[PDB]
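There is one chain below, alone, in structure tokens, taken in the form deposited in one PDB entry.
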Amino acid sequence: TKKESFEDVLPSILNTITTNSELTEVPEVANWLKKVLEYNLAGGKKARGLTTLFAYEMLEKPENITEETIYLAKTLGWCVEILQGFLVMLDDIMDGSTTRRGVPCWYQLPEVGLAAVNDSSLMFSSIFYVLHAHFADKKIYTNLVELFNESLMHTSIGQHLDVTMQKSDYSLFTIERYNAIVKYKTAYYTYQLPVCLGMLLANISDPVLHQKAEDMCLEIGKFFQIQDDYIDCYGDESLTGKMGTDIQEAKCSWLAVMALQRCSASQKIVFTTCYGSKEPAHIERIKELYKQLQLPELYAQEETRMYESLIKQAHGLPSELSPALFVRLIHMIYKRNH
């Protein structure tokens, strides 16, 4: 498949990183970074990486594709996956997670701890070395750099809106707020960024076509993140790799937004009493409540209603952008369970 052609290049990227920086003079560190990247890139569906590649392939004229440019698309893809490793390494710190992708969270390991913040800084550094190494003499260098940087700003905005903190006043848990959280923290780097890289590599220029792409990208990313929210509560931990914590940490997830939309007055009491606590009596009661408000069934309807809506918006796009591309991206996620 396409996944095995993408995982092939990992050791080569690991090597590019070392050889193209001051890590060569300090191999104690160049070896520590190899262990960090291998652990924090392992497991995982590699979806953002693939998306970048698939996008290049689907968008470039097949006669202009070279083996060189395919390698570059895999490299860009891997930058995005490093980005992802960086973000979830910090995210697990802010969310007091204990596992991810089947194993303990990087910071949980005993030899690491809060030293993880610096491992993240190493990872995020790597990306610009790789970019610099391949791309310094090409006209698109600036655009690539700018894009990875925007994607950090957006992701940081989102993360702030999410982790921003009164006990039992759940009146910021609105749909207006959830839509902003999920635009900035997930949509931009998960879909806008891969596709936009695919577009740059394919030398697509039109600022009107970028906009049309952004609009569709962000719709899909909201979709994606509503599924993630569902999975936190209802996913199977062996399949998903992670223990679900949105309830205990009192996050504004889609499920809580929807619970509040549906609650009677007494149920709202139950919710503002038991949501956000780590006691397991309290977490069971909140899942019993999600069960009565019939949210697993709403989810199913909404997954399908958005699915149809996206497919329809995808078929509305100019062909220079490839409807097929978006259709497939949507199918990759539709009905997923991890």
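We number the residues from 1 along the sequence you see. Basically, rigid core = biggest C-alpha set you can superpose within 1.5 Å across the two forms.
The following text describes the form deposited in another entry, which does not appear among the structures shown.
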| said: If you fit the rigid core and then compare C-alpha positions between the shown form and the other one, only one of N203, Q261, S121, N143 moves by 2 Å or more. Name it. | reply: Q261
| query | Just checking, between the shown form and the other one and with the core aligned, does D229 shift 2 Å or more at the CA? | reply | yes
| said: Please state whether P280 has a C-alpha shift of 2 Å or more between the shown form and the other one, with the rigid core used for the fit. | reply: yes
| task | Verify the C-alpha shift of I13 between the shown form and the other one: is it 2 Å or more after superposing the core? | result | no
